[PDB]
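Single chain ahead, written as structure tokens, the form deposited in one PDB entry.
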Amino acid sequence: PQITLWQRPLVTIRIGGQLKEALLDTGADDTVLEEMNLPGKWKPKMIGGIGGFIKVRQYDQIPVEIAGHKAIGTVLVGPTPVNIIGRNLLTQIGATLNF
């Protein structure tokens, strides 16, 4: 897909029989989801944003379908403004910034 920047790059994500709207944030190292229950043992992490640090709970190896392209990886659940797909899953699916 060629997706322009005139509006936030929001695409639908299929995350284990759950559908969500997430944001393709190439400024994000990781993929941070809004509070959610995922199958698995999590470990607590602390990541940062412009506002400071947040404590997050992380899940390793978890498949995600970014608009019908499959990624498999870390996905942190936490208190974010929105769902962001970061460069973790973003490079699995081969996204590039062109200009």
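Only the largest set of C-alpha atoms that superpose within 1.5 Å between the two forms is called the rigid core. One rule holds for the numbers: they count along the sequence shown, beginning at 1.
**Q** Give the stretch, out of 85-93 and 7-15, with the larger mean C-alpha temperature factor in the deposited entry.
**A** Result of the comparison: 7-15.
**Q** Which is higher on mean Cα B factor in this entry, 63-71 or 40-48?
**A** Between 63-71 and 40-48, it is 40-48 that shows the higher mean C-alpha B-factor.
**Q** Within this chain, which third does the Cα B-factor at residue 33 fall in: lowest, middle or highest?
**A** According to the entry, residue 33 has a C-alpha B-factor in the chain's highest third.
**Q** Name the third of the chain's ranked CA B-factors that contains residue 24, choosing lowest, middle or highest.
**A** Middle third of the chain for residue 24's C-alpha B-factor.
Here the subject shifts to the form deposited in another entry, a form of this protein not shown in this document.
**Q** Any idea which of 52, 27, 68, 44 has its C-alpha shifted 2 Å or more between this form and the one not shown with the rigid core fixed?
**A** That would be 52.
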